[PDB]
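Peer 1: Those sequence lines, one after another, are chains M, L, E, D, K, B, A and C.
The numbering of the first sequence is the entry's author numbering, which starts it at 1 and goes up by one.
The numbering of the second sequence is the entry's author numbering, which starts it at 1 and goes up by one.
The numbering of the third sequence is the entry's author numbering, which starts it at 1 and goes up by one.
The numbering of the fourth sequence is the entry's author numbering, which starts it at 101 and goes up by one.
The numbering of the fifth sequence is the entry's author numbering, which starts it at 1 and goes up by one.
The numbering of the sixth sequence is the entry's author numbering, which starts it at 1 and goes up by one.
The numbering of the seventh sequence is the entry's author numbering, which starts it at 626 and goes up by one.
The numbering of the eighth sequence is the entry's author numbering, which starts it at 293 and goes up by one.
Where a beta carbon is used, it is the ideal one built from N, C-alpha and C, also for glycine.
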Amino acid sequence: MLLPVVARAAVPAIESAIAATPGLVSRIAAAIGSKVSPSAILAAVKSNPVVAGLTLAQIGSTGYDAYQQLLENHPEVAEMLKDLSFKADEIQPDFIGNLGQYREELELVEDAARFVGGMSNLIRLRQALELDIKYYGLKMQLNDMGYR
Amino acid sequence: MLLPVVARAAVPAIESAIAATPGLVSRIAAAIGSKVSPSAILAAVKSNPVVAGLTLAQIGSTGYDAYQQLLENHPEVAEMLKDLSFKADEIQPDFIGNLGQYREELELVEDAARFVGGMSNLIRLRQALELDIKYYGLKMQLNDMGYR
Amino acid sequence: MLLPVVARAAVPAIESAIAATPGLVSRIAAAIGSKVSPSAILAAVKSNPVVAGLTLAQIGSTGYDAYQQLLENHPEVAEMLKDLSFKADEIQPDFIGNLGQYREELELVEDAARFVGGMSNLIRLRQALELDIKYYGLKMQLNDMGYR
Amino acid sequence: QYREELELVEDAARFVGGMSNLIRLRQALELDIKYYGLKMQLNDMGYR
Amino acid sequence: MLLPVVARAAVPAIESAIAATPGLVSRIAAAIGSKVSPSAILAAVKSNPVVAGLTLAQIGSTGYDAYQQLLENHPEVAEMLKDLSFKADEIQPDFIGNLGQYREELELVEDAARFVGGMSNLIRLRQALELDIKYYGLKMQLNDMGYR
Amino acid sequence: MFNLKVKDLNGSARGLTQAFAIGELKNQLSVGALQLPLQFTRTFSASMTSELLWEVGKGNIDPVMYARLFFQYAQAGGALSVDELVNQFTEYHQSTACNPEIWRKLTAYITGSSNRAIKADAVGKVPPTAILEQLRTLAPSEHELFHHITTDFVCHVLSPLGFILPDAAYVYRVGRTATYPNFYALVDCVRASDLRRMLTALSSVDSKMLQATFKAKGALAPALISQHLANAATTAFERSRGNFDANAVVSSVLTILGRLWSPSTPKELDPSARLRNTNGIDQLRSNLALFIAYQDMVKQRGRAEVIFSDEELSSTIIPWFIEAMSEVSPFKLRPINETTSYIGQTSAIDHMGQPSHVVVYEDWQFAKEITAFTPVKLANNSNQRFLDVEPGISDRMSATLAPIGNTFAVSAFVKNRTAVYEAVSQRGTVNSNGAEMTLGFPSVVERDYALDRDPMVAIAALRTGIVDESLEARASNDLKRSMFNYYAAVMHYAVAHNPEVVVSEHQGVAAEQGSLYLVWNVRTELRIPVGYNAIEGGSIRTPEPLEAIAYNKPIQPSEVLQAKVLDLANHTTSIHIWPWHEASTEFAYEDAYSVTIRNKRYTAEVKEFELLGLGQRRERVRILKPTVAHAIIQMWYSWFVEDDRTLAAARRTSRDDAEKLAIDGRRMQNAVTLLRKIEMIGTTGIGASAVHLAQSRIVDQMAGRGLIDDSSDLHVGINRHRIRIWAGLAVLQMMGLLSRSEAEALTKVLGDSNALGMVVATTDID
Amino acid sequence: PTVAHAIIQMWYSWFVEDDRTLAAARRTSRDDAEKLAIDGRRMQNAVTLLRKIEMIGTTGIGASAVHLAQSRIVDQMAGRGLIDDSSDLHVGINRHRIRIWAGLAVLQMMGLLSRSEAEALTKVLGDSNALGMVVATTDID
Amino acid sequence: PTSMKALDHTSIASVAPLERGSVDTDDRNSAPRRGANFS
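Right, dumping it as structure tokens:
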């Protein structure tokens with residue numbers, strides 16, 4: 001059973017999305033596997049929190065607050081919901097050959113990073129060398145006047 | 001009696017539902033067992049949380065937030081209210097005979113699962129074997145660069 | 001090699017099915033993977049009990065008795081033939097969401113059955129309470145006359 | 101021409117188990133997703 | 001992954017920013033480097049909290065409360081967002097270099113000075129990296145001829 | 001309880017008949033036409049061996065039990081055979097012993113230095129899990145049991161040097177060994193000796209010289225370690241090489257025993273007087289486990305062929321097999337009177353002397369210890385978990401089960417069967433059918449409980465001979481092994497109690513060349529045959545091993561049969577990989593006691609944690625299953641119900657007066673001893689606590705209704721004897737020892753006799 | 626305690642420099658029995674650091690912090706209403722975690738070692754995977 | 293506070309059984325069984 005804290009945020013959002021468009025109803029009926037009626041898929045949402053998370057993932061505009069609150073209050077559903085919710089992030093044809101050309105560069109970046117410190121130390125040192133020479137003159141003037 | 005946090009959301013809900021339509025008043029008078037006057041049913045709601053949950057089940061549009069808030073604040077009412085508010089669903093005639101065709105095949109799925117590991121491990125293995133080959137090449141290429 | 005005890009009843013049934021129709025000969029030739037000629041598939045039946053069982057699965061109108069005889073003689077052909085003969089049945093789209101609506105109610109059946117005893121004890125108690133009052137009166141009058 | 105194919109089949113059978121286990125695993129990974137959802141739901145209701 | 005507590009306040013803020021103006025596309029393409037589509041940058045925000053902090057720091061209309069909330073929730077991104085959130089303040093024409101604006105830049109110069117050593121050592125290394133490539137070849141050819 | 005007709009023994013019990021053992025699906029098997037006498041005096045039986053737990057993560061190599069783990073991984077793991085398993089292990093060991101790079105790379109890893117020597121003080125520690133995880137990468141295989149046997153070899157040779165941590169441990173279970181050897185088991189006992197010769201050369205590597213030069217010099221190069229390991233690996237590989245086929249040794253030594261056992265061998269193929277005078281053939285000729293293994297060989301194979309040179313090779317292959325057997329093995333040679341002494345027999349006798357019913361039973365010892373553990377994971381999606389025993393629950397249930405073992409003997413069950421069959425007997429001879437035989441083997445139902453198997457399929461296997469193909473391999477492979485054991489144990493009992501055995505040769509249908517079978521020459525002094533044979537001449541010739549039991553006298557068992565409990569208490573720190581879930585059960589229970597006090601019903605619920613001394617419902621704990629206790633109690637229950645049904649069937653058709661009073665007095669005496677038994681159970685640890693809790697739940701419910709205290713002379717005694725019977729049923733309900741259907745039927749049997757009334761009628765005084 | 630703080634600071638600096646030189650020398654070997662020698666040496670140092678920190682964490686104040694942090698989580702979890710605690714907290718990862726935490730927190734409650742130094746010295750064992758390849762613990766109680 | 297997040301993400305050296313089975317049975321609890329009725 002789904003928690004009432006999740007249900008208060010989950011049920012009216014699904015009802016509002018169905019009242020906004022009924023074209024999502026057959027989509028979520030085919031995705032979850034229930035009868036096409038809103039009463040039946042709402043019974044499925046109230047019965048099973050995995051089905052609730054699947055519906056709140058299928059409707060994507062208004063269900064993000066309810067989805068993240070379900071993810072807060074039911075922490076154990078996350079692994080199985082991530083297993084069921086998987087879509088192939090489509091790869092580019094030139095991506096692996098374009099990636100293989102950067103070994104020349106990343107090794108130099110990591111070696112300079114080990115010499116300096118962290119990657120944060122490298123970024124701050126690169127910003128210090130990118131910064132103007134007037135600041136070096138100004139800090140020399142403050143050190144001559146006494147400001148450390 | 002009834003908690004005031006519940007009452008502040010339940011009483012204007014039921015009163016607004018009666019003001020919206022009066023045909024539900026005789027319906028909740030027959031379902032709960034009170035006199036058909038709104039003062040009598042509202043005093044019954046303020047007196048008894050079981051009667052309050054029955055009224056908030058008989059009105060469903062404007063009373064879902066108040067019903068779930070009563071279910072939050074009154075944990076002791078839940079089983080008794082679910083036992084009183086119960087309607088048996090109708091069964092399809094062909095359901096058990098259609099289910100009997102699948103015994104030969106859920107056993108196949110379980111014998112696959114006992115080999116693979118978890119049911120989640122089976123789902124992830126089936127996704128990895130359905131996955132494209134460029135991801136295998138990308139795994140081998142990142143390991144070829146010296147990244148793990 | 002197929003044993004003669006099976007072969008005596010297995011060969012003429014397949015031969016009579018071929019003499020009934022040759023349209024199944026191309027089916028069994030494409031199913032096993034032998035030549036389309038009847039002598040070649042009959043030699044395959046005589047030389048391999050697995051091929052014989054696949055033919056007695058393709059035709060089962062007259063070859064049911066020969067199939068049972070090869071079943072009772074060799075167990076290993078059945079252990080392999082259950083794996084080689086598998087058709088995944090069609091599943092309804094509404095099946096799992098339809099089955100979700102019965103969770104509320106099979107639980108109620110089991111919570112009654114644990115109290116009454118067995119499933120048969122529940123069914124007999126249901127029939128005894130649904131039975132007519134005159135049977136209770138007949139029971140009381142036979143006890144009144146001194147019978148048990 | 102089939103030495104390339106039979107070697108891969110027998111190497112897969114060495115990992116899986118028997119050839120019967122290989123046939124059953126190939127059928128399971130060829131099987132539709134609705135059966136996996138059905139088994140998950142019967143396990144969710146409390147049925148092993 | 002991204003925290004749901006801060007995600008509920010971070011996603012609709014940048015969603016309302018994108019729905020208000022489409023001029024942030026060049027900003028999220030140049031600052032992050034993600035793909036130009038609005039779904040890819042939103043997936044990048046949902047995957048990477050550093051990218052989320054960059055998208056909260058690139059605007060200051062409504063995302064300031066979400067940026068402070070992410071700063072209070074995840075302290076490990078604080079120094080990295082402080083490092084990537086650096087704009088070289090050009091010049092104030094007067095003499096008084098007040099620490100309302102220049103404190104970060106003089107602190108960054110003094111952090112680089114604590115790394116290197118002397119302030120003159122930092123200026124010397126700044127100049128040596130500013131110099132031409134040919135002086136390295138000249139020093140190398142003098143050290144090759146037998147002089148040091 | 002398995003009931004069979006000794007006359008229609010084909011359709012009755014085909015799974016134990018010798019016609020089925022040598023391939024007769026029909027009933028056609030000859031009486032002793034052409035005959036040749038023989039006297040068996042030895043047998044290869046296994047010891048009193050049950051399953052146990054053994055750990056592998058330490059630096060020891062125990063060669064006999066690595067051989068046993070090969071047995072269980074090859075057979076009980078669904079693999080091919082231990083012959084193929086030892087063949088692939090020899091290939092693996094050859095590849096790692098004839099390769100010098102591996103013994104350098106994984107000494108560079110576990111010493112830390114490739115080229116330079118190590119000092120005696122700068123010696124660190126690497127755990128064996130790490131060296132296993134890199135041995136998996138360097139020397140790959142598909143069987144973990146090779147990587148374990150390499151790992152603890154190198155840990156054995158480095159453990160005095162101090163390069164390894166002694167911390168981790170790791171445990172598997174070993175399985176149940178059969179008592180009587182199959183043909184395949186003889187093949188495997190020949191391969192296991194060669195594997196033991198392999199492994200005992202690895203077990204003797206000392207590194208004493210390496211340790212001595214380490215101490216004397218102060219340093220050593222890694223090349224000395226890499227030589228000193230790769231020399232010992234090849235000294236075991238030299239033992240590995242140059243062996244015989246176990247199949248072609250056993251098939252050749254069983255075929256010549258067939259050709260000098262049979263009476264109708266051709267003169268052409270016939271062992272000459274050299275190999276017949278081989279030293280040891282006179283001992284392998286008078287051996288019985290080899291006879292039943294020969295029957296199984298020619299059953300499976302169909303025929304037999306010789307490969308070896310039949311004059312001088314085979315006269316020196318035989319003592320190799322004699323050494324393989326006479327080595328410490330599972331199977332040891334014993335006299336024939338020793339192996340089957342737990343069987344007992346009794347019969348029900350006519351006035352002429354003829355049996356009507358004959359009962360054959362196993363004499364058991366009630367095991368009365370019990371353990372409760374809890375499973376604790378290590379990491380998610382990893383079944384490496386280990387499990388903690390809990391005293392204070394196992395101690396309670398042990399102290400409850402220890403009095404129940406003092407009232408459930410096995411001799412006192414057949415001793416009650418005989419009193420039933422002597423009390424319901426008429427005066428009239430038995431001619432229409434042979435003496436029906438019941439055989440009470442608790443081990444059948446005990447394995448049905450242990451493997452979670454339906455008892456219908458085991459009874460069907462013993463009845464129609466064949467096993468089922470629907471059920472899985474880990475239950476079918478134990479069903480067939482168990483069924484071979486029952487056939488073999490029956491023939492050992494029959495030959496040890498009728499030593500006058502004469503070997504024939506079946507050639508009626510003759511689907512083989514020669515397949516042998518014994519006949520018996522038991523003298524009877526009877527006149528009408530039980531079974532179907534001819535009784536002519538003062539003695540009967542019967543082919544079947546069960547009729548020869550049906551003509552014996554009562555026999556008394558000299559040895560109990562013992563099953564021991566598994567060991568979770570000693571090694572409680574190791575992690576457990578064996579399936580603990582099939583051999584443990586979930587333990588939760590609810591019961592309620594109802595009594596009417598002056599037209600008002602009072603009910604008292606009770607839970608299991610309230611009985612166990614707990615306050616909080618714990619839900620993780622699991623009991624290791626008591627299959628021996630449950631099997632003995634199930635045999636007792638089925639016999640009690642069957643005896644009551646036969647007396648209720650005979651009381652209706654008695655048609656007499658004194659015999660009718662005898663049947664009624666027998667039923668009353670029966671039910672009151674049942675009631676006293678359950679009531680004596682209900683005074684134990686869990687039972688007395690259930691009494692003291694249910695009384696309190698009843699008394700605080702009579703609080704509102706003021707009622708007058710009763711006589712407190714008989715009323716206390718009656719309500720005490722009713723609450724103790726309830727508690728005595730409830731404790732055997734809550735432990736797995738009794739189903740609710742059978743507790744309810746047993747309550748109906750006790751209720752319809754007015755047994756509590758007849759017990760309270762002897763606590764009055766007139 | 627300036628002398629003891631000096632000794633432990635010199636130890637920490639030399640110990641981090643040893644891992645830096647080993648991890649730098651493995652990448653430039655191009656030789657299998659040298660890559661295995663360096664990968665063996667790193668594991669062989671990481672397990673000794675784990676043994677030293679746990680021998681500290683099972684002394685007086687370390688054992689007291691172990692008992693206190695276990696007891697407060699037991700009382701909190703029994704108040705929460707679920708008592709899987711004495712099972713799930715005496716196990717191969719969640720006992721090494723609490724012993725190593727206590728052995729570092731005694732050094733932080735003294736002057737002897739800083740919190741960022743303790744966190745980097747933690748990240749060493751977190752990266753060497755020597756926390757899950759040991760499992761056993763020799764306690765002093 | 294002293295963070296343990298780097299120490300948290302480890303792995304245990306997995307090693308296979310001789311016999312499979314009993315895999316997904318980690319977290320399941322059926323209802324308690326009743327006793328028979330008494331009379």
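So, is residue 70/E buried or exposed, given that buried needs 16 or more other C-beta atoms within 10 angstroms?
Peer 2: Only buried fits residue 70/E, as 16 or more other CB atoms lie within 10 angstroms of its CB.
Peer 1: How about residue 108/L: is its C-beta nearer than 7 Å to some C-beta of chain D?
Peer 2: Residue 108/L counts as touching chain D.
Peer 1: Going by Cα to Cα distance, which pick from 72/E, 60/E, 74/E, 97/E is closest to residue 43/M?
Peer 2: 97/E
Peer 1: Please identify, using Cβ separations under 8 Å, the residues of the stretch 299 to 329 of chain C that lie next to chain A, in order along the chain.
Peer 2: So the close ones are 299, 300, 301, 302, 303, 304, 305.
Peer 1: What three-state label does DSSP hand residue 386/B in the structure shown?
Peer 2: strand
Peer 1: Between the stretch 515 to 530 of chain B and the stretch 348 to 360 of chain B, can you find at least three pairs of beta-carbon atoms closer than 8 Å?
Peer 2: Counting Cβ pairs under 8 Å, three or more are found: they touch.
Peer 1: Given a cut-off of 7 Å, decide if residue 73/E and residue 116/E are closer than it, judged by their beta-carbon atoms.
Peer 2: For residue 116/E and residue 73/E, no; Cβs fall outside 7 Å.
Peer 1: Tell me the residue span of the alpha helix (DSSP H) that contains residue 12/K.
Peer 2: 4 to 20
Peer 1: For residue 44/M, return the contacting residues in chain E, with the cut-off set at a CB-CB distance below 7 Å.
Peer 2: What residue 44/M touches in chain E: 97, 100.
Peer 1: Just to confirm my understanding: we take residue 70/B, look at its own chain, exclude 5 residues before and 5 after, and list those with CB closer than 6 Å. What are they?
Peer 2: 82, 85
Peer 1: Between residue 109/L and residue 139/D, is the Cβ-Cβ spacing less than 7 Å?
Peer 2: Yes. Within cutoff.
Peer 1: Hey, how far is the Cα of residue 137/B from the Cα of residue 621/B?
Peer 2: 39 Å
Peer 1: Could you please give me the residues that DSSP links to residue 88/B through a beta bridge?
Peer 2: Note: residue 88/B sits in no beta bridge, so no partner.
Peer 1: Going by DSSP, name the residue or residues bridged to residue 333/B.
Peer 2: In the DSSP output, where bridge partners are listed per residue, residue 333/B has 44/B.
Peer 1: Within the chosen definition, does the stretch 315 to 323 of chain B reach the stretch 250 to 260 of chain B through at least 3 CB pairs nearer than 8 Å?
Peer 2: yes
Peer 1: Looking at chain M, is there any beta carbon in it that lies within less than 7 Å of the beta carbon of residue 27/K?
Peer 2: no
Peer 1: List the residues of chain M that residue 14/K touches, going by C-beta distances under 8 Å, in chain order.
Peer 2: Those within 8 Å of residue 14/K in chain M number zero; the least Cβ separation is about 12 Å.
Peer 1: Using the DSSP secondary-structure output, state which residues sit across from residue 585/B in a beta bridge.
Peer 2: 623/B
Peer 1: Hey, would you say residue 28/E sits closer than 7 Å to residue 68/E, going by beta carbons?
Peer 2: no
Peer 1: Taking its Cβ as the centre, do 16 or more other Cβ atoms sit within 10 Å of residue 164/B, making it buried, or is it exposed?
Peer 2: buried
Peer 1: Just checking: is the beta-carbon of residue 79/E within a distance shorter than 7 Å of some beta-carbon in chain B?
Peer 2: For residue 79/E, the answer is yes, since a Cβ of chain B falls inside 7 Å of its Cβ.
Peer 1: Could you check what DSSP says for residue 193/B in three-state terms: helix, strand or coil?
Peer 2: helix
Peer 1: Between residue 134/B and residue 214/B, what straight-line distance do the alpha-carbon atoms span, to the nearest angstrom?
Peer 2: Computed Cα separation, rounded: 26 Å.
Peer 1: By Cβ distance, which residues of its chain are closer than 6 Å to residue 784/B, with the 5 residues on each side in sequence left out?
Peer 2: The structure shown does not extend to residue 784/B, since chain B spans only 1 to 766, so no value can be given for it.
Peer 1: Check whether the Cβ of residue 378/B lies closer than 7 Å to any Cβ atom in chain H.
Peer 2: The chain inventory of the structure shown lacks chain H, comprising the protein chains M, L, E, D, K, B, A and C.
Peer 1: Report yes or no: is there a C-beta of chain K within less than 7 Å of the C-beta of residue 65/M?
Peer 2: yes
Peer 1: Assign residue 426/B to one of three DSSP states: helix, strand, or coil.
Peer 2: coil
Peer 1: Can you list, in chain order, the stretches of the alpha helix (DSSP H) that have 4 or more residues and sit fully within the stretch 107 to 133 of chain L?
Peer 2: 119 to 130
Peer 1: Who are the neighbours of residue 579/B on chain C, taking C-beta pairs under 9 Å?
Peer 2: 309, 311, 312, 313, 314
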